[PDB]
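**Q** I have a structure I would like to understand better, so I am pasting it below and will then ask my questions one at a time.
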Amino acid sequence: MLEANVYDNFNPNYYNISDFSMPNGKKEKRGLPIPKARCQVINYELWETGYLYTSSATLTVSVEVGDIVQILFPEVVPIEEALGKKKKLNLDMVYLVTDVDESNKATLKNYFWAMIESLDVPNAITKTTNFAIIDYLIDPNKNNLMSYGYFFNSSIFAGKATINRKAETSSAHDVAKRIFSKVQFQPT
Amino acid sequence: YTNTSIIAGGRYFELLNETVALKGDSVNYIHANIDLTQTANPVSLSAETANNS
Amino acid sequence: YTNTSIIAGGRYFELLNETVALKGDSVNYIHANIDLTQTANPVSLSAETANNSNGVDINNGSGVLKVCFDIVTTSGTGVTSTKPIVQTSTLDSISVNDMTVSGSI
Amino acid sequence: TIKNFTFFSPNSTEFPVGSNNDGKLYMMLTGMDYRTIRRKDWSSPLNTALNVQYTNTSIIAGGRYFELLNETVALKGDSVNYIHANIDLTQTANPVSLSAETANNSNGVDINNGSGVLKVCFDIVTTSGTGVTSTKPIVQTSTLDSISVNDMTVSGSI
Amino acid sequence: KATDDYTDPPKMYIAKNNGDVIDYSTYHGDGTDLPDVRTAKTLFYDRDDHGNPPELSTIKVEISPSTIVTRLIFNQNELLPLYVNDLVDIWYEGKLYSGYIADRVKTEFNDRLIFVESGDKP
Amino acid sequence: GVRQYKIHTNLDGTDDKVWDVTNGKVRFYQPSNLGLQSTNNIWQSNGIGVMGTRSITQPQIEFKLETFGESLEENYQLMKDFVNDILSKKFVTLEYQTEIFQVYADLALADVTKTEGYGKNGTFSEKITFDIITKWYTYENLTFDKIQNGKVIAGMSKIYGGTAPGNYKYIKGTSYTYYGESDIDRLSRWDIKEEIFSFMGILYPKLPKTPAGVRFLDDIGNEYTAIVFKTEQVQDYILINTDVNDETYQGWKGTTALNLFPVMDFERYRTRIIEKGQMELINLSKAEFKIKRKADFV
Amino acid sequence: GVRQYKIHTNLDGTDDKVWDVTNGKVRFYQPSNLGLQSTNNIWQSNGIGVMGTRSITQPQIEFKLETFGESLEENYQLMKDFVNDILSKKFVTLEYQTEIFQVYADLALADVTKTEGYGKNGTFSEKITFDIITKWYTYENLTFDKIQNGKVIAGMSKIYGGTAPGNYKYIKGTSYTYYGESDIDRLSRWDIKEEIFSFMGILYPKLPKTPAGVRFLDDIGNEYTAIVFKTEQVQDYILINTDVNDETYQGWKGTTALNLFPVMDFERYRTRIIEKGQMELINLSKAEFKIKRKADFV
Ligand SMILES: [Sr+2]
Ligand SMILES: [Sr+2]
């Protein structure tokens, strides 16, 4: 089986407050909590990015809608954040619980797509580079879910943004899909 | 490694026709691993995703 | 409680290496509970969600006396702060030479 | 573990209460520490040259009660003596002993919980070459958390 | 006005637990007075004839909470019978709910009632 | 020695006709299953087993019902009298009795058969099937416990004795152990040791217009449920029954039975399930309780 | 010689009541199936067969449960005792013992029967069905291994001996081989040779406030999982159980048991399944381990 860390909703109305006293002295944003329960995931279908289908899993503990599920793997992923710099990143599959049935089978939605929900973006923002759109989309002050900054490969998002149809107001989902298709990348 | 000598932690050993399998489209960090409890084979080589010295 | 003495309803008892389990991310109200019918173990401790002190007269009548003596605040991992409950002295008339007040009169 | 005391024992063995257990109880009731005392002179102490005889004086030091019945204390010539109550629990026959010292040597040793000898000053005796000149008693400190009172009278200050 | 476009950055408005709508930037609390979950929405506005930004109260209406009312469908108790159009206060699993008996279902087996809470609690 | 089965019309009630099915004219023989079935919800991923929650299912009980009449008239009269007595009451209580135990089941009549294959003097061999409401529950008598004052002993207790003006000595182990309490007769514990579901408590109130009923306390001295009634006049006794199937509340005065449900405190009565702790009497001079707690397999 | 079946209420626990179902009063006979079933997911394209992943499914074991009492009273007393002991614990451990092996199963009560067909002195012959949680796992004591210094030999070892000022010769094959290591008592390997699923370790910690607990190393000397706790005071022993059904992480100090779940490092504890390599003790003076490892068919 796979190990799961169940946390309550990463409410940005709570965690987006710089009142945490750091050991040096200065104030930083509230850190993520400890899992309310450590459980194990059985009878699962887990998607890495959630480009086409939504994930599903039957969890041992009785999770509820809103809770964040962190699926753990005993392996490490090396991500190149700077030209030469690489960092030891532990393998994770982070989802938001959308619905739980009678048999405790939880419908899991990939954290990113559940974060950029209901967010609309005008044509004015699509005029600049792809970096400007990513910097707009990922913001814990606007988002439904908490985020402590993105990690991005400059070379792939260096290019000029794709031209919008009718130069209208598009949703964060439609623009991300349009951008991720041209750049040939998906978020994790 | 056809004929490579290594000194790690003051311990001398030779790699004589010793093949290390690599990960594709990746930067492989080749490590010498010394475990003294493994009496018969104390040294082994690994190809890793990071420098884990 | 490594070595704490308590007087509740005029009854003296000692807490010697007595551990009370707490609720995480909560304000725990620590109570001393006295049940005289429990002849072998009349006193027990509890960690509760509210101050549930009941003022039950155990020296004149029946019932369980519950009295809060400590307030222990937790995070998800451990204790963040502890505040004791005030010890009230109710007196009729006082004759004194000198007094020091740290709070207010 | 919870050690119960002010509770009846049906088999007469369940809840025995000792000297230290009651000692701790008395300290909490009056609101005193190991640095202060509870002292009352039922009859004024007599002064005979460089000696002080306590006719009838009751003292509660570290929650332990004892009476001084015509107990004479030797004094130092032309010096400000400090009368101390010394409690050594190892001396099963005579735990309390008195001493007139040069300075206030109140140690505040926890005798009811741990080991040691408790020293605490209760009376200051100022003497000359011949006899006692003046006597001043040590203030009885009453440490309390909150007071609900009707009327009060202060002779010193607040 | 100058670009006739939405060139300027957005202003985020949060509705507190009491109901007061404030700018998110103006917030100085600990999160206890804010909702446990954040359901967001993006709104577009056109500047008035005077040119002034849209009023706070007008935004408030588009971000207001709806009347959450609990409906209890239960079997008829012969110890205390309840009928259609009766003003009632029901105790269910330690919680008190207040409202009226809206309907009654006559079946061959049982007799049931629908309880509708009228709300207006605080 | 041998097993005794008994069918009861209204167990815990006054109008309880008892049918001795082991001994009497109508007999229950060869029970189908007296055991139990359980569905544990065990799902296994990669050979390792995870267990869910076990729903402890009870199977129907089918008895070989034989009649022992003297004539065809007598056997027909038994079948008609027995089966209709089971139909008159919404549920019929069975009693499983042996040398070691006495348990009860609340069966509901599922199926009874009537055929024309008569043995000698029109005797019957038929199968009677029952549906289970509650399978195995004890019907124990619950009573309060009294607290007694410890004996006074010289040197061991707290007294100022011997030579005037009295003396009590502190000793290691012996010291002063208090004798008891002045008016210890004021302490009475109605102890609850195991979790109960239903109970038939008769309660006699003391004062009229003062809330009368029983309250329940947990292990920490906090109240969870209380059956509290308010009355205008003193009802000689309040006859409360917590059984779900035939819940009964009634204040008896003389020969008149009054329903006390609308006059009961709805806020205080939070649950029917009684937890480990104690029970306190509110405005009650006397009480007689009959406790009925579960047993899955016996 | 012959096979031994034993039922354990709580294997790996102090409160372990053992029922000898081979020798004792309550006996298990004729197991339904001790084998296994597998679903291989074989899909075929144009006559050629492609095989997926084999889900090894374990079937219910049904035993012919017999009682050996001396009276009707004793046989009823066995059925009540044996079945309730199985119900008291959420899951029961079977012990399949033979001349060659000693395997264990984690069973859950599926169905038990009680009938009135009594043999002699109220004898019982009933069928007991069990649901499989984990089938066949070895329960063994895991201990560390010690390394000892090799003997010193003249000419073979690195020493300057014989005629002054000492001489060591380079030979072909025999040459110089080091004897051992100074303080070879520091080297201790906790060896993991086969993949293990759960374990019951009693950890003895050294320093307070320093993360104390075990970590697991793979074959290349890297860490995959670690159960590490950071306590405020020195626990006399940390008890850790990796069993899925009843996980225990308690720090005992004296007679007091403390829950160590919130103090644990959630990020380091990546998996429960231990792989081939070695175990390292972080801030530990002594360690005592019991390793359980699964076997599909035995
Ligand atoms: Sr009845
Ligand atoms: Sr166990």
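Chain labels run A, B, ... following the order of the structure tokens; each chain numbers its residues from 1, and ligands are numbered from 1 in the order shown.
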What parts of segment 20-172 of chain F does DSSP call strand (DSSP E)? I'd like the answer as a ChimeraX atom specification.
**A** /F:20,26-29,36-39,42-45,48-51,55-57,61-67,92-97,102-112,125-132,140-142,145-146
**Q** With chain F fixed, least-squares superpose chain G over all its C-alpha atoms paired in order and give the RMSD in Å.
**A** 0.8 Å
**Q** List as a PyMOL selection string the protein and nucleic acid residues near residue 49 of chain B, meaning an atom at most 8 Å away when only C-alpha atoms are counted, but skip any in the same chain fewer than 3 places from it.
**A** (chain A and resi 77-78) or (chain B and resi 26-29)
**Q** Just how far from atom CA of residue 22 of chain A is atom CA of residue 71 of chain C, in Å to one decimal?
**A**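 Separating atom CA of residue 71 of chain C from atom CA of residue 22 of chain A is a distance of 25.6 Å.
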**Q** Using only C-alpha atoms and a cut-off of 12 Å, which residues of chain B sit close to chain G? Please list them as a PDB file with N, CA, C and O atoms, in the first residue's frame.
**A**
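Result file follows (selection.pdb):
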ATOM      1  N   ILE B  30      28.031   9.457  -9.744  1.00  0.00           N
ATOM      2  CA  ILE B  30      28.620   8.151  -9.452  1.00  0.00           C
ATOM      3  C   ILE B  30      29.273   8.165  -8.087  1.00  0.00           C
ATOM      4  O   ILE B  30      30.171   8.973  -7.841  1.00  0.00           O
ATOM      5  N   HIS B  31      28.810   7.280  -7.199  1.00  0.00           N
ATOM      6  CA  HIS B  31      29.292   7.195  -5.828  1.00  0.00           C
ATOM      7  C   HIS B  31      30.003   5.898  -5.535  1.00  0.00           C
ATOM      8  O   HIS B  31      29.613   4.842  -6.038  1.00  0.00           O
ATOM      9  N   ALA B  32      31.011   5.978  -4.664  1.00  0.00           N
ATOM     10  CA  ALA B  32      31.688   4.823  -4.090  1.00  0.00           C
ATOM     11  C   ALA B  32      31.068   4.719  -2.694  1.00  0.00           C
ATOM     12  O   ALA B  32      31.019   5.718  -1.960  1.00  0.00           O
ATOM     13  N   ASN B  33      30.516   3.546  -2.362  1.00  0.00           N
ATOM     14  CA  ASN B  33      29.855   3.318  -1.078  1.00  0.00           C
ATOM     15  C   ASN B  33      30.612   2.260  -0.304  1.00  0.00           C
ATOM     16  O   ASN B  33      30.823   1.159  -0.821  1.00  0.00           O
ATOM     17  N   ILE B  34      31.061   2.602   0.913  1.00  0.00           N
ATOM     18  CA  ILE B  34      31.843   1.693   1.750  1.00  0.00           C
ATOM     19  C   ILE B  34      31.081   1.297   3.009  1.00  0.00           C
ATOM     20  O   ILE B  34      30.783   2.147   3.850  1.00  0.00           O
ATOM     21  N   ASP B  35      30.771   0.000   3.133  1.00  0.00           N
ATOM     22  CA  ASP B  35      30.086  -0.560   4.289  1.00  0.00           C
ATOM     23  C   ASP B  35      30.968  -1.669   4.823  1.00  0.00           C
ATOM     24  O   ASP B  35      31.030  -2.753   4.240  1.00  0.00           O
ATOM     25  N   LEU B  36      31.659  -1.391   5.927  1.00  0.00           N
ATOM     26  CA  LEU B  36      32.600  -2.326   6.541  1.00  0.00           C
ATOM     27  C   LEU B  36      31.980  -3.586   7.129  1.00  0.00           C
ATOM     28  O   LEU B  36      32.685  -4.584   7.298  1.00  0.00           O
ATOM     29  N   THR B  37      30.659  -3.561   7.397  1.00  0.00           N
ATOM     30  CA  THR B  37      29.923  -4.712   7.924  1.00  0.00           C
ATOM     31  C   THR B  37      29.744  -5.776   6.836  1.00  0.00           C
ATOM     32  O   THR B  37      29.596  -6.957   7.153  1.00  0.00           O
ATOM     33  N   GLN B  38      29.768  -5.352   5.557  1.00  0.00           N
ATOM     34  CA  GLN B  38      29.682  -6.239   4.398  1.00  0.00           C
ATOM     35  C   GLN B  38      31.098  -6.755   4.141  1.00  0.00           C
ATOM     36  O   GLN B  38      31.761  -6.338   3.196  1.00  0.00           O
ATOM     37  N   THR B  39      31.564  -7.627   5.038  1.00  0.00           N
ATOM     38  CA  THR B  39      32.889  -8.238   5.076  1.00  0.00           C
ATOM     39  C   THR B  39      33.444  -8.729   3.726  1.00  0.00           C
ATOM     40  O   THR B  39      34.596  -8.431   3.403  1.00  0.00           O
ATOM     41  N   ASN B  41      32.174  -8.016   0.522  1.00  0.00           N
ATOM     42  CA  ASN B  41      32.098  -6.976  -0.514  1.00  0.00           C
ATOM     43  C   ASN B  41      31.865  -5.604   0.150  1.00  0.00           C
ATOM     44  O   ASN B  41      30.733  -5.111   0.143  1.00  0.00           O
ATOM     45  N   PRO B  42      32.899  -4.985   0.771  1.00  0.00           N
ATOM     46  CA  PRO B  42      32.666  -3.708   1.472  1.00  0.00           C
ATOM     47  C   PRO B  42      32.392  -2.506   0.581  1.00  0.00           C
ATOM     48  O   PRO B  42      31.778  -1.541   1.038  1.00  0.00           O
ATOM     49  N   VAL B  43      32.836  -2.566  -0.686  1.00  0.00           N
ATOM     50  CA  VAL B  43      32.676  -1.470  -1.636  1.00  0.00           C
ATOM     51  C   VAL B  43      31.691  -1.800  -2.752  1.00  0.00           C
ATOM     52  O   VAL B  43      31.725  -2.897  -3.314  1.00  0.00           O
ATOM     53  N   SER B  44      30.841  -0.820  -3.089  1.00  0.00           N
ATOM     54  CA  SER B  44      29.871  -0.898  -4.173  1.00  0.00           C
ATOM     55  C   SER B  44      29.731   0.473  -4.836  1.00  0.00           C
ATOM     56  O   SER B  44      29.980   1.500  -4.195  1.00  0.00           O
ATOM     57  N   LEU B  45      29.339   0.486  -6.113  1.00  0.00           N
ATOM     58  CA  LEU B  45      29.131   1.726  -6.861  1.00  0.00           C
ATOM     59  C   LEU B  45      27.658   1.964  -7.129  1.00  0.00           C
ATOM     60  O   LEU B  45      26.905   1.011  -7.344  1.00  0.00           O
ATOM     61  N   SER B  46      27.254   3.238  -7.144  1.00  0.00           N
ATOM     62  CA  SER B  46      25.879   3.620  -7.430  1.00  0.00           C
ATOM     63  C   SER B  46      25.847   4.850  -8.323  1.00  0.00           C
ATOM     64  O   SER B  46      26.771   5.660  -8.278  1.00  0.00           O
ATOM     65  N   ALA B  47      24.792   4.971  -9.146  1.00  0.00           N
ATOM     66  CA  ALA B  47      24.528   6.124 -10.008  1.00  0.00           C
ATOM     67  C   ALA B  47      23.298   6.779  -9.401  1.00  0.00           C
ATOM     68  O   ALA B  47      22.244   6.143  -9.292  1.00  0.00           O
ATOM     69  N   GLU B  48      23.460   8.010  -8.907  1.00  0.00           N
ATOM     70  CA  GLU B  48      22.399   8.708  -8.192  1.00  0.00           C
ATOM     71  C   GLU B  48      21.999  10.033  -8.824  1.00  0.00           C
ATOM     72  O   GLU B  48      22.758  10.613  -9.601  1.00  0.00           O
ATOM     73  N   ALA B  50      21.543  12.917  -7.345  1.00  0.00           N
ATOM     74  CA  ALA B  50      22.181  14.054  -6.683  1.00  0.00           C
ATOM     75  C   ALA B  50      23.514  13.647  -6.070  1.00  0.00           C
ATOM     76  O   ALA B  50      23.794  12.453  -5.957  1.00  0.00           O
ATOM     77  N   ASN B  51      24.336  14.636  -5.666  1.00  0.00           N
ATOM     78  CA  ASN B  51      25.582  14.342  -4.970  1.00  0.00           C
ATOM     79  C   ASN B  51      25.197  14.099  -3.508  1.00  0.00           C
ATOM     80  O   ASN B  51      24.860  15.031  -2.772  1.00  0.00           O
ATOM     81  N   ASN B  52      25.199  12.828  -3.119  1.00  0.00           N
ATOM     82  CA  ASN B  52      24.794  12.376  -1.798  1.00  0.00           C
ATOM     83  C   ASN B  52      25.950  11.978  -0.881  1.00  0.00           C
ATOM     84  O   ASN B  52      25.764  11.152   0.019  1.00  0.00           O
ATOM     85  N   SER B  53      27.133  12.601  -1.081  1.00  0.00           N
ATOM     86  CA  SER B  53      28.319  12.382  -0.245  1.00  0.00           C
ATOM     87  C   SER B  53      27.947  12.728   1.201  1.00  0.00           C
ATOM     88  O   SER B  53      27.354  13.782   1.434  1.00  0.00           O
TER      89      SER B  53
END
**Q** Tell me, as a ChimeraX atom specification, which residues lie within 6 Å of residue 212 of chain F, counting only C-alpha atoms; anything in the same chain fewer than 4 positions away does not count.
**A** /F:228-229,282-283
